[PDB]
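S.K.: to kick things off, part of the complex as it is:
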Amino acid sequence: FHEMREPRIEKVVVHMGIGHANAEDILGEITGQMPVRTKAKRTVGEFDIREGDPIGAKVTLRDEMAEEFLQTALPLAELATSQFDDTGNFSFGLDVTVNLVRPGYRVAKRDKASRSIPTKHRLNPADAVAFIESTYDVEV
Amino acid sequence: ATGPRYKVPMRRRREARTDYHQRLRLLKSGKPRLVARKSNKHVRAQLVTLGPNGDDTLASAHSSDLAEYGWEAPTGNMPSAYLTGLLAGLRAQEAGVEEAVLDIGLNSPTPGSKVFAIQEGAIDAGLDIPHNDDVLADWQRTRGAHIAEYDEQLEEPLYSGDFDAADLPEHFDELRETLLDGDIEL
Amino acid sequence: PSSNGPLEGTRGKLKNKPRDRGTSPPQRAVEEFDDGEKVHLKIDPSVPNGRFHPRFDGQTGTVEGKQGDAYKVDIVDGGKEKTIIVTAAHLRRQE
């Protein structure tokens, strides 16, 4: 039981919201894999009329590429309670967010006969703090 | 769910198992659907005809009963898929079925995928199905060359139970061979 | 009326009841009829192509052959006989 229930990270997204780019470089260096541009919707009085146009970038880290980045990422931040997602996710910031969830998650991300995860199998803020905390750092 | 004005999707759509929009286009041809479906360990290939209470299955072919003829290898690969196709293609040939349209379900039209490889077997069995040659995988990957040359990158057996270390795509030929036999109890 | 367009005053007849919203089943858009068969004309709001003139909803016609995949149903408007071209999606076998 405990095994197929014990958490893990599915993806760590690093993103810089700018609004007009040259910032890609650093992420390619710090993560270890290419980045991707960010667009937007709706005109913005802040001279943000052009709808589809570069505004930021991001990178999704999976498996090692993710951990290896976290070993250094996590330390650089002071984690708090009000910094957690009801689904066991946390963002802090250059932004760095982490998507955590129990084993059989593919069930929802696949194509064929997918299904949403029962509120029970959903990770909890608590179960999140624990798992993470139990990996080189403190809570509170 | 919420109230009366609410709209609950057709069951088979909730379940996310049938793509009706695509289905319709299929159903139009009038020809029977050559249902091709995968599974982690298996591969099925049904030949469906339309009915008054629901679809009818005039001829199937499961990768499991593929061993029933002498298959000692796995049941979720190209060699597997092809064969299963040719098997159902034959059985169907035994029901009066002559043509069909490939129904790859919710799978993807990827080039050389097991589905097209399944479709290739039913064609070879004698059935008439609208296809696209250059979308099918190369005769070898159909055999198991892609996998055999993988065990070449040995150091650790490609398999658990011993079917063999280097694997025998020849076996593929051996089985295929056994199917073109008139006798063979279908 | 105020306009003499085909859909004039057809809000009611050409609209699905809430729970009948969205795409329709394919089983009946493929139904095969036989020449002579009596069929009930009723447009499927969810279906767009293969519709006969609204004025004919409720008519019970007799399939007298088909054109393409669509059917050529025979009906009688008042006293004048007409040949209506409709697709299965808008037909139901009588009885």
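M.R.: In hand now; what should we look at? Numbering: from 1, shown residues only, chains lettered A, B, ... in the order given.
S.K.: quick one: residues in contact with the helix or strand hosting residue A:126.
M.R.: When secondary structure is defined by DSSP states H and E, residue A:126 falls within helix A:125-133. Contacts to helix A:125-133, defined as CB atoms under 8 Å, 6 or more residues apart in numbering or on different chains, come from residues A:6-7, A:74, A:79, A:81, A:84-86, A:88-90, A:100, A:139. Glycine gets a C-beta too; all of them are placed from N, C-alpha and C.
S.K.: now the two most distant members of the residues you listed.
M.R.: A:6 and A:81 (22.0 Å; CB to CB).
S.K.: could you pull out the strands in chain A for me?
M.R.: Defined through DSSP state E, the strands belonging to chain A, from first to last, are A:9-17, A:36-38, A:56-61, A:89-92, A:95-100.
S.K.: next: chain C.
M.R.: Here chain C has its strands, by DSSP E, at C:38-41, C:60-67, C:70-77, C:80-86, C:91-93.
S.K.: next, the buried residues of the first one.
M.R.: With burial defined by 16 or more other CB atoms under 10 Å in any protein chain shown, the residues of strand C:38-41 counted as buried are C:39, C:40, C:41.
S.K.: over to stretch B:141-160?
M.R.: Under the neighbour-count criterion of 16+ other CB under 10 Å, stretch B:141-160 has B:141, B:142, B:143, B:144, B:145, B:146, B:147, B:148, B:151, B:158 buried.
S.K.: show me which residues of chain C are close to chain B?
M.R.: With CB under 8 Å from any CB of the partner chain as the criterion, chain C comes near chain B at residues C:18, C:19, C:21, C:22, C:23, C:25, C:26, C:29, C:30, C:69.
S.K.: here's chain D, drop it onto the model above:
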Amino acid sequence: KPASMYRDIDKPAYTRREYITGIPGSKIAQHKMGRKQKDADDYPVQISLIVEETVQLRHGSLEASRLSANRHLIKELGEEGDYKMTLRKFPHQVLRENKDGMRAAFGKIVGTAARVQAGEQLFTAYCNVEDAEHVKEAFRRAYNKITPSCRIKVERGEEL
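M.R.: One more chain to add, chain D, which I have set with the ones above:
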């Protein structure tokens, strides 16, 4: 104008404000009256006023009656007596007047009325067994300013 012009029900229901404009505001100032914080069950007596014929009541009639009606209770029971009267109807029907000749006759919106089917309760008071006669007199006045004849019926009152 005379109530004769809009007392019967003969036009189609006309209330879609989304299509009507220049609709005059209601002359009614209060539908809830008396001690509107208390409750209807807090009283022994509950006397309502029933309209005997189905009609239309222009807001000027409702207010005109409701006024002189309640104004009595305020007099005989004090501007803070122990009662609570209510006017359950509201002026929804919009009324027009064609004010030229019969050409392009559709009128211009001039008022609002409340359609009250015969046998319904226009008003409903809630008083203590004592002021029951001051409420009956409060209605005798009110039914003199609406078009139909009425009945003063007791909904809860064994005290007689």
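S.K.: so the helix holding residue A:126 versus strand A:9-17, what angle?
M.R.: Compare the direction of helix A:125-133 with that of strand A:9-17 by axes from the mean of the first three to the mean of the last three CA atoms, to 10 degrees and you get 90 degrees.
S.K.: pretty sure residue C:8 is touching residue C:55, no?
M.R.: No. Using CB atoms under 8 Å, residue C:8 is not in contact with residue C:55; the gap is 9.6 Å.
S.K.: check which element follows the lengthiest helix in chain D along the chain.
M.R.: Once chain D is assigned using DSSP state H, the helix that runs over the most residues is helix D:59-77. In the C-terminal direction, the helix or strand that comes right after helix D:59-77 (DSSP H and E) is strand D:86-87.
S.K.: ok so, going back, how about the helix holding residue A:126, which residues are buried there?
M.R.: Within helix A:125-133, the residues that qualify as buried by neighbour count (16+ other CB under 10 Å) are A:125, A:127, A:128, A:129, A:131, A:132.
S.K.: next: stretch B:108-126.
M.R.: Applying a neighbour-count criterion of 16+ other CB under 10 Å, the buried positions in stretch B:108-126 are B:113-125.
S.K.: can you list the residues you listed in a markdown table and add distance to residue D:82?
M.R.: Below are the buried residues of stretch B:108-126 laid out as a markdown table (distance: CB to CB, whole Å):
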| residue | distance to residue D:82 |
| --- | --- |
| B:113 | 85 |
| B:114 | 86 |
| B:115 | 84 |
| B:116 | 88 |
| B:117 | 90 |
| B:118 | 87 |
| B:119 | 88 |
| B:120 | 93 |
| B:121 | 93 |
| B:122 | 91 |
| B:123 | 94 |
| B:124 | 97 |
| B:125 | 95 |
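S.K.: include this sequence as chain E:
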Amino acid sequence: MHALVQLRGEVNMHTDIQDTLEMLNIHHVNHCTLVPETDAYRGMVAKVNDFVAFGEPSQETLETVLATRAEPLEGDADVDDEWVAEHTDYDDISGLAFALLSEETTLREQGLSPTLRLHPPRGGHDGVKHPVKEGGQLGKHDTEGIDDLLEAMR
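M.R.: Chain E goes in next, on the same frame as the chains above:
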């Protein structure tokens, strides 16, 4: 088996009603017909409910009438036992009368005109502006009432 009797003229009566009457083989005021009792036959009388007098007659009366007002399919020949017997699968009026009521045959099936052309009610009827319940003569009747009329219209 019911006795239908038109008591109201044709002028101003709806056409679909008058058409029904003629379908029930009744073409003039005071004409009478003996109609079975099926769903179909019910719908019709129901629809004519206002320009007719109906109900089930007593075997007795039905005879009194048949005697006095039945006619061949063509002719003056009086329909009397002899006549009845010489042409009808029966032996006498009572014989016929019983079948009609039991609903086994029809005046037509025998060679009798579907209509029994009665005579104005002697002493007048109870009026055509109200049903039987309101004291009039229109609508369904009491086997006794029906007779009272048919009797009076010998």
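S.K.: back to the contacts of helix A:125-133, now that we've got chain E?
M.R.: When contacts are taken as CB under 8 Å, 6+ apart, the neighbours of helix A:125-133 outside the stretch itself are A:6-7, A:74, A:79, A:81, A:84-86, A:88-90, A:100, A:139.
S.K.: one more time with 10 Å
M.R.: Taking contacts as CB atoms under 10 Å, 6 or more residues apart in numbering or on different chains, the residues outside helix A:125-133 that touch it are A:5-9, A:70, A:74, A:79, A:81, A:83-90, A:98, A:100-102, A:123-124, A:138-140.
S.K.: which of those fall within helices?
M.R.: Among these, the subset assigned to helices under DSSP H consists of A:5, A:70.
S.K.: please check the contacts of helix A:125-133 and keep the buried ones.
M.R.: A:7, A:9, A:70, A:74, A:79, A:84, A:88-90, A:98, A:100-102, A:123.
S.K.: tabulate those residues (CSV), appending distance to residue E:147.
M.R.: Converted to CSV, the buried ones among the contacts of helix A:125-133 look like this (distance: CB to CB, whole Å):
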residue, distance to residue E:147
A:7, 97
A:9, 100
A:70, 107
A:74, 108
A:79, 105
A:84, 96
A:88, 93
A:89, 94
A:90, 99
A:98, 100
A:100, 96
A:101, 92
A:102, 91
A:123, 92
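S.K.: domain assignment for chain E?
M.R.: As assigned by curated CATH domains, chain E contains the domains E:1-57+E:114-154, E:58-113.
S.K.: nearest to residue D:155, of those?
M.R.: With CB to CB, the closest approach to residue D:155 among those belongs to domain E:1-57+E:114-154: 38.0 Å.
S.K.: ok now stretch C:69-89, how far from the chain's centre?
M.R.: Relative to the mean C-alpha coordinate of its chain, stretch C:69-89 is positioned 8 Å out (CA atoms, centre = their mean, to the nearest Å).
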